[PDB]
Amino acid sequence: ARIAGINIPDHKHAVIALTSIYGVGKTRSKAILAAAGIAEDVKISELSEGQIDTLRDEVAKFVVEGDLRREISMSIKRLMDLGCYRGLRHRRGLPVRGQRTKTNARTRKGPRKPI
Amino acid sequence: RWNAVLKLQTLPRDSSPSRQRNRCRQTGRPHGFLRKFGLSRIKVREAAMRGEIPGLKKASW
Amino acid sequence: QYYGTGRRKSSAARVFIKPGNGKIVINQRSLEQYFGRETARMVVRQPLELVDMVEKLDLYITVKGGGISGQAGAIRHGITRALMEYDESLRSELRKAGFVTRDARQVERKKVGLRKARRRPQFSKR
Amino acid sequence: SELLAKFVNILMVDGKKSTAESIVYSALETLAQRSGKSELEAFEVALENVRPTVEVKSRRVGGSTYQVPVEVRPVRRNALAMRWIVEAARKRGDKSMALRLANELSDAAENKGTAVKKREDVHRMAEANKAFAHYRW
Amino acid sequence: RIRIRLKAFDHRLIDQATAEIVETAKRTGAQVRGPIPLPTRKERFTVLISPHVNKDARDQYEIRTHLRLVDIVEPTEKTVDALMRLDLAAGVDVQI
Amino acid sequence: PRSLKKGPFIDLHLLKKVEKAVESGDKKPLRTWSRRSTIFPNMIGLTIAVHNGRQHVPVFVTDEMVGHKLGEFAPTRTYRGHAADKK
RNA sequence: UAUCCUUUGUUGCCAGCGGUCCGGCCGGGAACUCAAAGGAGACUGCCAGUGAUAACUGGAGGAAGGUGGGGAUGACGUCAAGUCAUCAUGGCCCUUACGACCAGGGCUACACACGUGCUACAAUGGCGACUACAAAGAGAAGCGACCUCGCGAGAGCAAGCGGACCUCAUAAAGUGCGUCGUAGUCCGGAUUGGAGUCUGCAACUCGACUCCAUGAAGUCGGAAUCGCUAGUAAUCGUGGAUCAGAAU
């Protein structure tokens, strides 16, 4: 059933049914079900409407989805704008060599590719 | 540093004569030395293989 | 009461023959219980068949080590040698089968340059 | 019966005599509930309908390979019959092993399927060469 | 009632010393409970005979450490005087 | 064709003090002259200042930096990068 | 490695008795197990068939039989087989250098092509829990009990032994119980992201392990091809030699 960032865990046990969320997994599965008092051997189609409610509110308080991915992008952009080799490593569009890469290097690259 | 190797100074600081430690002679490593030779564990080996150390021989099995 | 050791592979099953009904106790557990579901469990009471006992003798076994098989063969020899004490004349008959004997074939690490530590790597037809 | 004691070895899909026979007896149980016949009798008949009589062997008698029919021994008929029953049951689609056997043992009595096709194929191979019959062996 | 365990590496030097301690005590003291062998702890090493190739070689070596009991009961003044004085065995470690 | 086998070159001076500050954590930025030395674990988290020939530049050592020489993170020349110098 | 016997036993065991914090632990005694040495045993001798005979075939007796099961070991000679960087050796060829010391840069370059291998896809196989047995070795800065952090590696801390009295060790499997029967379902665990300990002067390319999350290929997989016959195959785990240290 619906829980966090659009998830459709159907025809699965209450356990792994949550182990499909990029946020929670196994450890988080046993803890969330033990705190809300829910059988771990019950399918998601047998779960009452009151059990899922107490499961959504508790799991709601967590970090997931885009808001998290953007933080990753910023973390890869901060060291990218600086003079760090690691930042240039993420790009890899920089010279892999020892001669120049800016120009005169089609002997290894071949036909000029589009910018 | 040449400063850290203050051990060479016979007269210690405010601390009693017990302040004097050891410091290796070749590398100057205070970590693991060998009183008998006064050399560190990493120097006694390099000096052993070279054979510069008399009476010393590599134990076999 | 009579005692019978019993060797095999890496298992030792002491056998204590006692004139009674015919039930046996394997580690505080019935015969069928311990050797539950195993066509081989029968061979354990074979020596008692030749001289015809069982219904006349009650046994108390104590095995440890190795696997059920080794134990089954262990209890066997133990019962056989135990029957010997009851009546030595039983040897003349019991021995005929070959129960008053252990057995080698003790698993051995697959010797190198070979395969079964026993079989050598045959050669492709000359 | 030793037959069952043997069938429980092959059907013992991976030496698990403990649960191996658990599916066996459970198959004969549901077999009597699905069919109005004794589990034992309905079992024997299942292995009888799956046994060849004459097997043909090849023989390059000087010139070329000649197919000469030969009688089969009653020691291989039991093994084959048993083997082709467990493989066939493991070919069904039902999600119940104990059911794949019960149904297989039933269809085996009704006669039909791949096992029967092979029986006919071999039977057809025979007689179609009843010439080399004088070589009864 | 004095037990004397004699241990060593060489088997011979033991029989010599052990027998000596007994014989010398056979007079002044009792006849001794008799020197027995007892179990001997062994250490074997399996190293390849040849240095190059021949992995199936590996000869067998062993460093045995035999022991003895002897045990001399009913000790007398002279029973010990014949022990503290005479002591030849060098590779034998006495334990009275 | 790099080579270090088991004989890394760590100037005995910039190596003895870096270990001295290990007594209880780390110490504020330090300054070294010989850049020939090689970066290693003990120098993790610390901020060593290499001499570019004019002044000492703070080089925050990192585990990913371990293995390279201090001089590699201390540019000798100074190119203004005549441009919007973005990124 | 088995049959049995003799000699010995601080390995073993109320087998037998007594005590028992009921742990052989203790008293105690050597039967048993085991350790070590020596010795005993198949030789086709006996029975039936065949044959000139050997010997073959069947059978009884027998723990095992026709070399019961296995190692080390590889001839007159072959390929002028491999190695003169294990060593030895005939000839030939170099002495400011094809000698020596030291710093730094690698052995881990590609648009493609090949050989040899590893990872790939459960339910005697395996997994989860519980629980009962082995032998041979190793350990000084090293093996590392125990405690604490982590579904962790391994740390921080730290006892003990120097070692048939401390540790590496948990033996794996078995045994008892449960799950499952082919639905990509906590089954299967690859791959990948994040965090993080460590051995090591270093581990981006080359690590081991695992916390956190993700979680595919599969439901026995194209042409072909490989090992195996009784405690054997397949499968799981452990130890050791080489070794400061990376041993699928």
# chains A, B, ... in the order shown; residues from 1 in each chain; ligands from 1

call {"tool": "residues_around", "arguments": {"residues": "residue 102 of chain C", "least_positions_apart": "5", "cutoff": "10 Å", "atoms": "only C-alpha atoms (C1' of nucleotides)", "output": "list in words"}}
result
residues 6, 7, 8, 9, 73, 74, 76, 77 and 78 of chain C; 2, 3 and 63 of chain G

call {"tool": "residues_around", "arguments": {"residues": "segment 67-69 of chain E", "least_positions_apart": "5", "cutoff": "8 Å", "atoms": "only C-alpha atoms (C1' of nucleotides)", "output": "PyMOL selection string"}}
result
chain E and resi 3-8+18+34-40

call {"tool": "write_last_selection", "arguments": {"atoms": "N, CA, C and O atoms", "output": "PDB file, in the first residue's frame"}}
result
ATOM      1  N   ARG E   3      59.368 -40.201  44.285  1.00  0.00           N
ATOM      2  CA  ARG E   3      59.209 -40.468  42.860  1.00  0.00           C
ATOM      3  C   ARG E   3      60.244 -39.680  42.063  1.00  0.00           C
ATOM      4  O   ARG E   3      60.404 -38.475  42.260  1.00  0.00           O
ATOM      5  N   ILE E   4      60.943 -40.364  41.165  1.00  0.00           N
ATOM      6  CA  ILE E   4      61.970 -39.726  40.349  1.00  0.00           C
ATOM      7  C   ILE E   4      61.688 -39.882  38.857  1.00  0.00           C
ATOM      8  O   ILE E   4      61.992 -40.918  38.264  1.00  0.00           O
ATOM      9  N   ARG E   5      61.110 -38.848  38.254  1.00  0.00           N
ATOM     10  CA  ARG E   5      60.798 -38.870  36.830  1.00  0.00           C
ATOM     11  C   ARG E   5      62.013 -38.432  36.019  1.00  0.00           C
ATOM     12  O   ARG E   5      62.521 -37.326  36.195  1.00  0.00           O
ATOM     13  N   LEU E   6      62.472 -39.307  35.130  1.00  0.00           N
ATOM     14  CA  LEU E   6      63.628 -39.013  34.293  1.00  0.00           C
ATOM     15  C   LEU E   6      63.215 -38.802  32.841  1.00  0.00           C
ATOM     16  O   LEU E   6      62.739 -39.725  32.181  1.00  0.00           O
ATOM     17  N   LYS E   7      63.402 -37.581  32.349  1.00  0.00           N
ATOM     18  CA  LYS E   7      63.049 -37.245  30.974  1.00  0.00           C
ATOM     19  C   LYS E   7      64.277 -36.808  30.182  1.00  0.00           C
ATOM     20  O   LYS E   7      65.218 -36.243  30.739  1.00  0.00           O
ATOM     21  N   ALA E   8      64.259 -37.076  28.880  1.00  0.00           N
ATOM     22  CA  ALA E   8      65.367 -36.711  28.005  1.00  0.00           C
ATOM     23  C   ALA E   8      64.992 -36.932  26.543  1.00  0.00           C
ATOM     24  O   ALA E   8      63.927 -37.470  26.240  1.00  0.00           O
ATOM     25  N   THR E  18      68.880 -44.057  34.374  1.00  0.00           N
ATOM     26  CA  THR E  18      67.759 -44.659  35.086  1.00  0.00           C
ATOM     27  C   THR E  18      68.185 -45.937  35.802  1.00  0.00           C
ATOM     28  O   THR E  18      67.932 -46.103  36.995  1.00  0.00           O
ATOM     29  N   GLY E  34      60.601 -50.375  40.354  1.00  0.00           N
ATOM     30  CA  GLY E  34      61.013 -50.731  39.010  1.00  0.00           C
ATOM     31  C   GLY E  34      60.814 -49.595  38.024  1.00  0.00           C
ATOM     32  O   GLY E  34      59.733 -49.012  37.961  1.00  0.00           O
ATOM     33  N   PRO E  35      61.848 -49.257  37.236  1.00  0.00           N
ATOM     34  CA  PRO E  35      61.773 -48.176  36.249  1.00  0.00           C
ATOM     35  C   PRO E  35      60.949 -48.538  35.014  1.00  0.00           C
ATOM     36  O   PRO E  35      61.319 -49.428  34.249  1.00  0.00           O
ATOM     37  N   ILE E  36      59.832 -47.842  34.828  1.00  0.00           N
ATOM     38  CA  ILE E  36      58.962 -48.084  33.682  1.00  0.00           C
ATOM     39  C   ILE E  36      59.141 -46.991  32.625  1.00  0.00           C
ATOM     40  O   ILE E  36      59.648 -45.910  32.919  1.00  0.00           O
ATOM     41  N   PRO E  37      58.731 -47.270  31.376  1.00  0.00           N
ATOM     42  CA  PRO E  37      58.842 -46.327  30.257  1.00  0.00           C
ATOM     43  C   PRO E  37      57.861 -45.153  30.234  1.00  0.00           C
ATOM     44  O   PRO E  37      58.260 -44.017  29.982  1.00  0.00           O
ATOM     45  N   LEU E  38      56.585 -45.428  30.487  1.00  0.00           N
ATOM     46  CA  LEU E  38      55.553 -44.393  30.468  1.00  0.00           C
ATOM     47  C   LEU E  38      55.385 -43.850  29.050  1.00  0.00           C
ATOM     48  O   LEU E  38      56.238 -44.070  28.189  1.00  0.00           O
ATOM     49  N   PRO E  39      54.281 -43.133  28.787  1.00  0.00           N
ATOM     50  CA  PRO E  39      54.042 -42.574  27.453  1.00  0.00           C
ATOM     51  C   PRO E  39      55.058 -41.489  27.103  1.00  0.00           C
ATOM     52  O   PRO E  39      55.474 -40.715  27.964  1.00  0.00           O
ATOM     53  N   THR E  40      55.454 -41.440  25.835  1.00  0.00           N
ATOM     54  CA  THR E  40      56.426 -40.455  25.377  1.00  0.00           C
ATOM     55  C   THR E  40      55.820 -39.480  24.373  1.00  0.00           C
ATOM     56  O   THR E  40      55.332 -39.884  23.317  1.00  0.00           O
TER      57      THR E  40
END

call {"tool": "select_by_dssp", "arguments": {"residues": "chain C", "states": "alpha helix (DSSP H)", "output": "count of residues only"}}
result
34

call {"tool": "closest_atom_pairs", "arguments": {"of": "chain C", "to": "chain G", "cutoff": "9 Å", "atoms": "only C-alpha atoms (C1' of nucleotides)", "output": "Markdown table"}}
result
| residue | atom | partner | partner_atom | distance |
| --- | --- | --- | --- | --- |
| C:3 | CA | G:15 | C1' | 7.3 |
| C:4 | CA | G:32 | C1' | 8.9 |
| C:5 | CA | G:32 | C1' | 6.6 |
| C:7 | CA | G:33 | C1' | 8.9 |
| C:10 | CA | G:134 | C1' | 8.4 |
| C:11 | CA | G:133 | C1' | 8.3 |
| C:12 | CA | G:33 | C1' | 7.6 |
| C:14 | CA | G:32 | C1' | 8.8 |
| C:34 | CA | G:175 | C1' | 8.6 |
| C:64 | CA | G:133 | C1' | 6.5 |
| C:65 | CA | G:133 | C1' | 4.1 |
| C:66 | CA | G:133 | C1' | 6.5 |
| C:67 | CA | G:174 | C1' | 5.8 |
| C:68 | CA | G:174 | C1' | 7.8 |
| C:95 | CA | G:63 | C1' | 8.9 |
| C:96 | CA | G:62 | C1' | 7.5 |
| C:98 | CA | G:63 | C1' | 6.4 |
| C:99 | CA | G:63 | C1' | 8.5 |
| C:100 | CA | G:63 | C1' | 7.6 |
| C:101 | CA | G:63 | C1' | 5.4 |
| C:102 | CA | G:2 | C1' | 6.9 |
| C:103 | CA | G:2 | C1' | 4.9 |
| C:104 | CA | G:2 | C1' | 3.9 |
| C:105 | CA | G:1 | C1' | 6.4 |
| C:106 | CA | G:1 | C1' | 6.1 |
| C:107 | CA | G:231 | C1' | 7.6 |
| C:108 | CA | G:1 | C1' | 8.1 |
| C:111 | CA | G:71 | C1' | 8.8 |
| C:115 | CA | G:227 | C1' | 8.9 |
| C:116 | CA | G:232 | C1' | 8.3 |
| C:117 | CA | G:70 | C1' | 7.0 |
| C:118 | CA | G:70 | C1' | 5.2 |
| C:119 | CA | G:70 | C1' | 8.2 |

call {"tool": "closest_residue", "arguments": {"among": "F:56, F:16, F:68, F:28", "to": "chain G", "atoms": "only C-alpha atoms (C1' of nucleotides)"}}
result
F:68

call {"tool": "residues_around", "arguments": {"residues": "residue 77 of chain E", "least_positions_apart": "3", "cutoff": "12 Å", "atoms": "only C-alpha atoms (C1' of nucleotides)", "output": "PyMOL selection string"}}
result
chain E and resi 25+28-29+74+80-84

call {"tool": "closest_atom_pairs", "arguments": {"of": "chain C", "to": "chain E", "cutoff": "12 Å", "atoms": "only C-alpha atoms", "output": "tab-separated table"}}
result
residue	atom	partner	partner_atom	distance
C:111	CA	E:56	CA	10.0
C:112	CA	E:56	CA	8.7
C:113	CA	E:56	CA	9.0
C:114	CA	E:56	CA	11.8

call {"tool": "write_last_selection", "arguments": {"atoms": "C-alpha atoms", "output": "CSV table (one decimal), in the first residue's frame"}}
result
chain,number,residue,atom,x,y,z
C,111,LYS,CA,45.5,-37.8,-2.1
C,112,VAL,CA,47.0,-35.4,-4.7
C,113,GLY,CA,48.1,-36.6,-8.1
C,114,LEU,CA,45.0,-38.7,-7.8

call {"tool": "residues_around", "arguments": {"residues": "residue 55 of chain A", "least_positions_apart": "4", "cutoff": "12 Å", "atoms": "only C-alpha atoms (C1' of nucleotides)", "output": "PyMOL selection string"}}
result
chain A and resi 1-4+14+17-18+29+31-38+44+47-51+59-61

call {"tool": "write_last_selection", "arguments": {"atoms": "N, CA and C atoms", "output": "PDB file, in the first residue's frame"}}
result
ATOM      1  N   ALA A   1       0.847  -1.226   0.000  1.00  0.00           N
ATOM      2  CA  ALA A   1       0.000   0.000   0.000  1.00  0.00           C
ATOM      3  C   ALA A   1       0.866   1.254   0.000  1.00  0.00           C
ATOM      4  N   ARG A   2       0.235   2.404  -0.220  1.00  0.00           N
ATOM      5  CA  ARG A   2       0.946   3.677  -0.245  1.00  0.00           C
ATOM      6  C   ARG A   2       1.585   3.947   1.113  1.00  0.00           C
ATOM      7  N   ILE A   3       2.808   4.471   1.099  1.00  0.00           N
ATOM      8  CA  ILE A   3       3.520   4.769   2.337  1.00  0.00           C
ATOM      9  C   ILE A   3       4.316   6.068   2.243  1.00  0.00           C
ATOM     10  N   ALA A   4       5.492   5.996   1.625  1.00  0.00           N
ATOM     11  CA  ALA A   4       6.352   7.165   1.479  1.00  0.00           C
ATOM     12  C   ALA A   4       6.324   7.722   0.057  1.00  0.00           C
ATOM     13  N   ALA A  14       4.840  -8.245   5.099  1.00  0.00           N
ATOM     14  CA  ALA A  14       5.018  -6.952   5.751  1.00  0.00           C
ATOM     15  C   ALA A  14       6.488  -6.601   5.964  1.00  0.00           C
ATOM     16  N   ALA A  17       8.218  -6.057   2.281  1.00  0.00           N
ATOM     17  CA  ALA A  17       7.306  -5.097   1.669  1.00  0.00           C
ATOM     18  C   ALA A  17       7.850  -3.684   1.847  1.00  0.00           C
ATOM     19  N   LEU A  18       8.659  -3.500   2.885  1.00  0.00           N
ATOM     20  CA  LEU A  18       9.262  -2.207   3.178  1.00  0.00           C
ATOM     21  C   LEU A  18      10.722  -2.207   2.738  1.00  0.00           C
ATOM     22  N   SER A  29      12.866  -2.770   8.952  1.00  0.00           N
ATOM     23  CA  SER A  29      11.606  -3.488   8.801  1.00  0.00           C
ATOM     24  C   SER A  29      11.136  -4.103  10.116  1.00  0.00           C
ATOM     25  N   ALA A  31      12.132  -3.309  13.127  1.00  0.00           N
ATOM     26  CA  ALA A  31      11.960  -2.260  14.125  1.00  0.00           C
ATOM     27  C   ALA A  31      10.645  -1.506  13.954  1.00  0.00           C
ATOM     28  N   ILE A  32      10.318  -1.154  12.714  1.00  0.00           N
ATOM     29  CA  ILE A  32       9.091  -0.419  12.426  1.00  0.00           C
ATOM     30  C   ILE A  32       7.844  -1.254  12.709  1.00  0.00           C
ATOM     31  N   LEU A  33       7.937  -2.558  12.469  1.00  0.00           N
ATOM     32  CA  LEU A  33       6.811  -3.457  12.696  1.00  0.00           C
ATOM     33  C   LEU A  33       6.662  -3.804  14.174  1.00  0.00           C
ATOM     34  N   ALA A  34       7.767  -3.737  14.909  1.00  0.00           N
ATOM     35  CA  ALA A  34       7.757  -4.044  16.334  1.00  0.00           C
ATOM     36  C   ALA A  34       7.282  -2.843  17.144  1.00  0.00           C
ATOM     37  N   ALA A  35       7.485  -1.649  16.598  1.00  0.00           N
ATOM     38  CA  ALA A  35       7.080  -0.420  17.269  1.00  0.00           C
ATOM     39  C   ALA A  35       5.604  -0.125  17.021  1.00  0.00           C
ATOM     40  N   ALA A  36       5.108  -0.544  15.862  1.00  0.00           N
ATOM     41  CA  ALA A  36       3.713  -0.326  15.501  1.00  0.00           C
ATOM     42  C   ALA A  36       2.865  -1.546  15.837  1.00  0.00           C
ATOM     43  N   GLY A  37       3.526  -2.626  16.243  1.00  0.00           N
ATOM     44  CA  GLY A  37       2.814  -3.843  16.588  1.00  0.00           C
ATOM     45  C   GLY A  37       2.100  -4.450  15.396  1.00  0.00           C
ATOM     46  N   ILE A  38       2.870  -5.021  14.475  1.00  0.00           N
ATOM     47  CA  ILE A  38       2.309  -5.641  13.281  1.00  0.00           C
ATOM     48  C   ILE A  38       2.994  -6.972  12.991  1.00  0.00           C
ATOM     49  N   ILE A  44       0.512  -7.819   2.527  1.00  0.00           N
ATOM     50  CA  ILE A  44       0.090  -6.425   2.476  1.00  0.00           C
ATOM     51  C   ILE A  44      -1.380  -6.304   2.087  1.00  0.00           C
ATOM     52  N   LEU A  47      -3.421  -6.736   5.603  1.00  0.00           N
ATOM     53  CA  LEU A  47      -3.233  -5.686   6.597  1.00  0.00           C
ATOM     54  C   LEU A  47      -4.466  -4.793   6.684  1.00  0.00           C
ATOM     55  N   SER A  48      -4.965  -4.599   7.901  1.00  0.00           N
ATOM     56  CA  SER A  48      -6.140  -3.763   8.122  1.00  0.00           C
ATOM     57  C   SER A  48      -5.864  -2.330   7.684  1.00  0.00           C
ATOM     58  N   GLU A  49      -6.899  -1.498   7.704  1.00  0.00           N
ATOM     59  CA  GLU A  49      -6.760  -0.104   7.305  1.00  0.00           C
ATOM     60  C   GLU A  49      -6.182   0.722   8.448  1.00  0.00           C
ATOM     61  N   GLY A  50      -6.281   0.190   9.664  1.00  0.00           N
ATOM     62  CA  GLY A  50      -5.762   0.889  10.823  1.00  0.00           C
ATOM     63  C   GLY A  50      -4.296   0.587  11.066  1.00  0.00           C
ATOM     64  N   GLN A  51      -3.840  -0.555  10.559  1.00  0.00           N
ATOM     65  CA  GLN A  51      -2.450  -0.964  10.720  1.00  0.00           C
ATOM     66  C   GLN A  51      -1.549  -0.182   9.771  1.00  0.00           C
ATOM     67  N   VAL A  59       6.796   5.843   9.470  1.00  0.00           N
ATOM     68  CA  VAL A  59       7.804   5.767   8.419  1.00  0.00           C
ATOM     69  C   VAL A  59       7.960   7.113   7.716  1.00  0.00           C
ATOM     70  N   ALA A  60       6.941   7.958   7.831  1.00  0.00           N
ATOM     71  CA  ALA A  60       6.960   9.276   7.208  1.00  0.00           C
ATOM     72  C   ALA A  60       8.183  10.075   7.646  1.00  0.00           C
ATOM     73  N   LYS A  61       8.503  10.003   8.934  1.00  0.00           N
ATOM     74  CA  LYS A  61       9.650  10.720   9.481  1.00  0.00           C
ATOM     75  C   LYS A  61      10.968  10.062   9.088  1.00  0.00           C
TER      76      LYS A  61
END

call {"tool": "residues_around", "arguments": {"residues": "segment 54-56 of chain C", "least_positions_apart": "4", "cutoff": "12 Å", "atoms": "only C-alpha atoms (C1' of nucleotides)", "output": "list in words"}}
result
residues 17, 18, 19, 20, 21, 22, 23, 24, 44, 45, 46, 47, 48, 49, 50, 79 and 83 of chain C

call {"tool": "write_last_selection", "arguments": {"atoms": "N, CA and C atoms", "output": "PDB file, in the first residue's frame"}}
result
ATOM      1  N   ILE C  17      23.528 -55.685  27.050  1.00  0.00           N
ATOM      2  CA  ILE C  17      22.483 -56.692  26.914  1.00  0.00           C
ATOM      3  C   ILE C  17      21.871 -57.049  28.266  1.00  0.00           C
ATOM      4  N   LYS C  18      20.544 -57.013  28.331  1.00  0.00           N
ATOM      5  CA  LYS C  18      19.822 -57.336  29.557  1.00  0.00           C
ATOM      6  C   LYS C  18      18.548 -58.109  29.228  1.00  0.00           C
ATOM      7  N   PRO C  19      18.432 -59.350  29.726  1.00  0.00           N
ATOM      8  CA  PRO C  19      17.251 -60.182  29.473  1.00  0.00           C
ATOM      9  C   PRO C  19      15.948 -59.451  29.789  1.00  0.00           C
ATOM     10  N   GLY C  20      15.150 -59.194  28.756  1.00  0.00           N
ATOM     11  CA  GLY C  20      13.890 -58.502  28.952  1.00  0.00           C
ATOM     12  C   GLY C  20      12.940 -58.643  27.779  1.00  0.00           C
ATOM     13  N   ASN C  21      12.065 -57.657  27.611  1.00  0.00           N
ATOM     14  CA  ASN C  21      11.092 -57.664  26.525  1.00  0.00           C
ATOM     15  C   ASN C  21      11.791 -57.743  25.171  1.00  0.00           C
ATOM     16  N   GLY C  22      12.326 -56.614  24.718  1.00  0.00           N
ATOM     17  CA  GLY C  22      13.012 -56.583  23.440  1.00  0.00           C
ATOM     18  C   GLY C  22      13.282 -55.172  22.958  1.00  0.00           C
ATOM     19  N   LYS C  23      12.879 -54.189  23.755  1.00  0.00           N
ATOM     20  CA  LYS C  23      13.083 -52.789  23.407  1.00  0.00           C
ATOM     21  C   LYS C  23      14.510 -52.355  23.715  1.00  0.00           C
ATOM     22  N   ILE C  24      15.030 -51.433  22.912  1.00  0.00           N
ATOM     23  CA  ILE C  24      16.385 -50.928  23.096  1.00  0.00           C
ATOM     24  C   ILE C  24      16.352 -49.417  23.305  1.00  0.00           C
ATOM     25  N   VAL C  44      21.287 -52.810  12.379  1.00  0.00           N
ATOM     26  CA  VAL C  44      21.750 -52.693  13.757  1.00  0.00           C
ATOM     27  C   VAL C  44      21.325 -53.880  14.620  1.00  0.00           C
ATOM     28  N   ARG C  45      20.161 -54.447  14.317  1.00  0.00           N
ATOM     29  CA  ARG C  45      19.645 -55.578  15.080  1.00  0.00           C
ATOM     30  C   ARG C  45      19.779 -56.909  14.346  1.00  0.00           C
ATOM     31  N   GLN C  46      20.656 -56.953  13.349  1.00  0.00           N
ATOM     32  CA  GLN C  46      20.873 -58.172  12.579  1.00  0.00           C
ATOM     33  C   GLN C  46      21.484 -59.302  13.405  1.00  0.00           C
ATOM     34  N   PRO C  47      22.546 -59.009  14.175  1.00  0.00           N
ATOM     35  CA  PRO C  47      23.187 -60.044  14.994  1.00  0.00           C
ATOM     36  C   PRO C  47      22.239 -60.724  15.978  1.00  0.00           C
ATOM     37  N   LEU C  48      21.174 -60.024  16.354  1.00  0.00           N
ATOM     38  CA  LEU C  48      20.196 -60.567  17.288  1.00  0.00           C
ATOM     39  C   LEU C  48      19.224 -61.504  16.578  1.00  0.00           C
ATOM     40  N   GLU C  49      19.201 -61.431  15.250  1.00  0.00           N
ATOM     41  CA  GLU C  49      18.311 -62.270  14.456  1.00  0.00           C
ATOM     42  C   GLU C  49      18.888 -63.668  14.251  1.00  0.00           C
ATOM     43  N   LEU C  50      20.160 -63.733  13.871  1.00  0.00           N
ATOM     44  CA  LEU C  50      20.825 -65.011  13.643  1.00  0.00           C
ATOM     45  C   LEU C  50      20.646 -65.942  14.835  1.00  0.00           C
ATOM     46  N   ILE C  79      26.719 -55.217  19.941  1.00  0.00           N
ATOM     47  CA  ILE C  79      25.716 -56.213  20.297  1.00  0.00           C
ATOM     48  C   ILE C  79      26.246 -57.620  20.037  1.00  0.00           C
ATOM     49  N   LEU C  83      26.899 -60.545  22.745  1.00  0.00           N
ATOM     50  CA  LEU C  83      26.225 -61.838  22.721  1.00  0.00           C
ATOM     51  C   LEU C  83      27.234 -62.941  23.021  1.00  0.00           C
TER      52      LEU C  83
END

call {"tool": "residues_around", "arguments": {"residues": "residue 19 of chain E", "least_positions_apart": "5", "cutoff": "9 Å", "atoms": "only C-alpha atoms (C1' of nucleotides)", "output": "PyMOL selection string"}}
result
chain E and resi 14+24+35+70

call {"tool": "residues_around", "arguments": {"residues": "segment 102-106 of chain G", "least_positions_apart": "2", "cutoff": "9 Å", "atoms": "only C-alpha atoms (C1' of nucleotides)", "output": "list in words"}}
result
residues 1, 2 and 3 of chain F

call {"tool": "write_last_selection", "arguments": {"atoms": "C-alpha atoms", "output": "PDB file, in the first residue's frame"}}
result
ATOM      1  CA  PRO F   1      57.837   3.874 -13.571  1.00  0.00           C
ATOM      2  CA  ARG F   2      57.248   4.935  -9.944  1.00  0.00           C
ATOM      3  CA  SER F   3      58.978   2.976  -7.173  1.00  0.00           C
TER       4      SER F   3
END

call {"tool": "atom_distance", "arguments": {"atom1": "atom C1' of residue 216 of chain G", "atom2": "atom CA of residue 95 of chain D"}}
result
24.9 Å

call {"tool": "closest_atom_pairs", "arguments": {"of": "chain F", "to": "chain B", "cutoff": "7 Å", "atoms": "only C-alpha atoms", "output": "CSV"}}
result
residue,atom,partner,partner_atom,distance
F:12,CA,B:1,CA,6.3
F:13,CA,B:1,CA,3.3
F:14,CA,B:1,CA,6.1
F:16,CA,B:1,CA,5.7
F:17,CA,B:1,CA,6.4

call {"tool": "interface_residues", "arguments": {"of": "chain C", "to": "chain D", "cutoff": "10 Å", "atoms": "only C-alpha atoms", "output": "number ranges by chain"}}
result
C: 36-39

call {"tool": "atom_distance", "arguments": {"atom1": "atom CA of residue 109 of chain D", "atom2": "atom CA of residue 86 of chain D"}}
result
14.6 Å

call {"tool": "select_by_dssp", "arguments": {"residues": "segment 19-61 of chain B", "states": "strand (DSSP E or B)", "output": "list in words"}}
result
residues 33, 34, 39 and 40 of chain B

call {"tool": "write_last_selection", "arguments": {"atoms": "C-alpha atoms", "output": "PDB file, in the first residue's frame"}}
result
ATOM      1  CA  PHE B  33      64.888   0.652  18.723  1.00  0.00           C
ATOM      2  CA  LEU B  34      67.390  -1.965  19.888  1.00  0.00           C
ATOM      3  CA  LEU B  39      69.340   1.137  15.792  1.00  0.00           C
ATOM      4  CA  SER B  40      65.626   0.979  14.985  1.00  0.00           C
TER       5      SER B  40
END

call {"tool": "interface_residues", "arguments": {"of": "chain E", "to": "chain G", "cutoff": "12 Å", "atoms": "only C-alpha atoms (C1' of nucleotides)", "output": "VMD selection string"}}
result
chain E and resid 36 to 59 65

call {"tool": "closest_residue", "arguments": {"among": "G:118, G:5, G:234, G:43", "to": "chain D", "atoms": "only C-alpha atoms (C1' of nucleotides)"}}
result
G:234

call {"tool": "interface_residues", "arguments": {"of": "chain G", "to": "chain B", "cutoff": "12 Å", "atoms": "only C-alpha atoms (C1' of nucleotides)", "output": "list in words"}}
result
residues 141, 201, 242, 243 and 244 of chain G
